[PDB]
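Taking it in order: structure first as structure tokens, then the write-up.
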Amino acid sequence: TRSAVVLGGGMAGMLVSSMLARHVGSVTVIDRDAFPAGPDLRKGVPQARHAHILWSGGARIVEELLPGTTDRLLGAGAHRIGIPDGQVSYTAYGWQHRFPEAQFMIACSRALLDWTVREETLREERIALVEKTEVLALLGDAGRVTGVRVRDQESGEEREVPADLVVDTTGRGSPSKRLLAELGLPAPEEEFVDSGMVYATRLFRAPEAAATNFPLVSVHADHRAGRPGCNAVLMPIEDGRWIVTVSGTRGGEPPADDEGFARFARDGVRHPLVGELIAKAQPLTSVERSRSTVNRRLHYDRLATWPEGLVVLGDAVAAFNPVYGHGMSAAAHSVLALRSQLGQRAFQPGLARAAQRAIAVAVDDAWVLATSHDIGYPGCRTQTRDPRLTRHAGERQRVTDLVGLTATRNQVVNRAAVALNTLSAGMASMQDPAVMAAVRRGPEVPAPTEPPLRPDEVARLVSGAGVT
Ligand SMILES: Cc1cc2nc3c(=O)[nH]c(=O)nc-3n(C[C@H](O)[C@H](O)[C@H](O)COP(=O)(O)OP(=O)(O)OC[C@H]3O[C@@H](n4cnc5c(N)ncnc54)[C@H](O)[C@@H]3O)c2cc1C
Ligand SMILES: [Cl-]
């Protein structure tokens, strides 16, 4: 009984459909893209050409909604990398000492993650993916949405797909601003923090011995330095490859040419480690860039009026600067927020509004973590009324910088910091008295003076082939 229509069959759409199919009789997913029968790139998810980190907070939720996905990913060559034990990270405050595991991440191509997640979701035959289909209009009116009018691309035929609940998960390029205007809703407040960040990515074949058990390697900008923020991330993915993504805010953008890529990874960032490691590896693709890096949020939950039966989640409601790596975990948290309101309110009037509000809460930590560190860069453009980002942003940042500094050399502060940064704990968790006590206790290990690489990791950057 009852039906859902989900707009967009990407990460948020697949997760939300798996959840919804446990609460409604059927789920229909509408997408204008064509979907490959394998782990390939597709036009509807262009961001898949860049490094994607799936933090524990999101990965645990993916596993809860689609049990077995983690093992299927690992069986397909994805890597489970412990945090901080499995990462070599030059932070704004120095090298992170590699304490024992506190959290983790899953490292693989976004194409593989999407394929795996889609396959697992569609094992439920009550979920149907309708490809190559345009979304023309929401059915109903500003008081209640009752489905969607769609158009088949190949035939051109239009039909109405009924729904008790429509969920827009069409991503950063969502047409809901248009769909909701034509439904007769007021325009939502648009909030953004635009550091002008640009990505550049090349794929590499790792040295053969380093195809597994290799760390996540990141060189971070110093958000406190009045200069463009540039980063470099090297991430293992399946089939013995490394995805390397470099990034820079306004005035420090990485170049488009293959030669400038390696120079940026050496000299454009604060430490050349990633540039050093890609010099061991074989490039496989030419530089691809992306400017889809603005933190942008639409406050649908604060509209004066909202239709029954409509919810927007994922990048369609809040999108982030990807350097912090939260988007997929924010969407997963947002799916559980909808599930929470479904369990509390079933389909009574008030469901959609309460879910939209809960989704606003769900994305708030990812939103603050990204925007708090982007607002300071030279030439950052902002449109916000959030006092946390302006008036007393410095005080919020003074505490974050003290936590961030102490986390590099104190295990208890690190454990709390990585719980928050993986979206495994809430923002307030850091004000726990015991955390602030550890912060005041300060460092328990010396600051590393060199990249904290293990001998047995560096040993695997060479084959030893030309040696009798
Ligand atoms: C460069 C870059 C790097 C990133 N790195 C990370 C990372 O490390 N970690 C992380 O967690 N997140 C990362 N993200 C964010 C992540 O990609 C998104 O948060 C995530 O894909 C959001 O999922 P979604 O389902 O909301 O949208 P998407 O996954 O983009 O899916 C949107 C879907 O809607 C469909 N669609 C779009 N428009 C229409 C339309 N008009 N009609 C019908 N269908 C439509 C598309 O075909 C697609 O299937 C990164 C993003 C970028 C750009
Ligand atoms: Cl992109």
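Atoms within a ligand are numbered from 1 in the order they appear, just like the ligands themselves. Sequential numbering from 1 along the given sequence is applied to the chain's residues.
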Under 4.0 Å between heavy atoms, the region of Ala12 that gets near ligand 1 turns out to be both
Does a donor on one side chain sit under 3.5 Å from an acceptor on the other, for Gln103 and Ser424? yes
Please report whether ligand 1 has a polar contact with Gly8, defined as an N or O pair separated by less than 3.5 Å (distance criterion only). no
Under 4.0 Å from a heavy atom of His50: which atoms of ligand 1 are those, numbered in the order shown and with their elements? 1 (C)
Sorted by chain and residue number, the side-chain hydrogen bond (donor to acceptor under 3.5 Å, both in side chains) partners of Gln87 (sequence neighbours excluded) come out as none
Any side-chain donor paired with an acceptor under 3.5 Å for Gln383 and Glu191? no
Ignoring hydrogens and angles, state whether a donor on the side chain of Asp222 or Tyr93 is under 3.5 Å from an acceptor on the partner side chain. no
Do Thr201 and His50 pair up side chain to side chain, a donor and an acceptor below 3.5 Å, judged on atom types alone? yes
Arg266: what forms a salt bridge (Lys or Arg N to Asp or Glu O under 4.0 Å) with it, not counting sequence neighbours? none
Which of the atoms in ligand 1, numbered in the order shown and given with their element, are less than 4.0 Å from a heavy-atom of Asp33? 47 (O)
Parallel, tilted or perpendicular: which describes the rings of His373 and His223, with under 30° parallel and over 60° perpendicular? perpendicular
Which is closest to atom 6 (C) of ligand 1 in terms of heavy atoms, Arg178, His52, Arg291? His52
Does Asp315, backbone or side chain, put an N or O under 3.5 Å from an N or O of ligand 1? yes
Could you tell me whether ligand 1 has any atom less than 4.0 Å away from a heavy atom of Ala331? no
What atoms in ligand 1 come closer than 4.0 Å to a heavy atom of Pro175? 41 (N)
Work out whether the distance between some heavy atom of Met14 and some atom of ligand 1 is less than 4.0 Å. no
If we only count N/O pairs under 3.5 Å, is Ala316 in contact with ligand 1? no
Where ligand 1 meets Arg42 - atom numbers and elements under 4.0 angstrom, heavy-atom basis: 47 (O), 48 (C), 49 (O)
Atoms of ligand 1 close to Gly9 [distance to a heavy atom under 4.0 angstrom, numbered from 1]: 49 (O)
At less than 4.0 angstrom from any non-hydrogen atom of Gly314, what atoms of ligand 1 do you find? 26 (O)
Could you go step by step and tell me if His271 and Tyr90 meet the ring pair (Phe, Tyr, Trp, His ring centres under 6.0 Å) rule? CA-CA 7 Å; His271 190 280; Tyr90 193 58; 5.6 Å; yes
Region of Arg32 that comes within reach of ligand 1 [heavy atoms, distance under 4.0 Å]: both
Does NZ or CZ of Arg205 lie under 6.0 Å from the centre of the six-membered ring of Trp242, at an angle within 45° of the ring axis? no
Any side-chain donor near an acceptor of the partner, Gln96 and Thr408, under 3.5 Å: no
How does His326 reach ligand 1, by side chain, by backbone, by both or by neither, if only non-hydrogen atoms under 4.0 Å count? backbone
Any heavy atom of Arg110 under 4.0 Å from ligand 1? The part involved is side chain
Should you measure from each heavy atom of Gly325, which atoms of ligand 1 turn up under 4.0 Å away? 7 (C), 8 (O), 9 (N), 10 (C), 11 (O)
Subset of ligand 1 atoms that lie under 4.0 Å from at least one heavy atom of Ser292: 53 (C)
Report yes or no: is the cationic atom of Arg80 (NZ for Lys, CZ for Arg) closer than 6.0 Å to the six-membered ring centre of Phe104, at no more than 45° off its axis? yes
N/O separation below 3.5 Å, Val45 to ligand 1: no
With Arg42 as the cation and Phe35 as the aromatic partner, state whether NZ or CZ is under 6.0 Å from the six-membered ring centre and within 45° of the axis. yes
Within-shell test, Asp31 vs ligand 1, heavy atom, strictly < 4.0 Å: yes
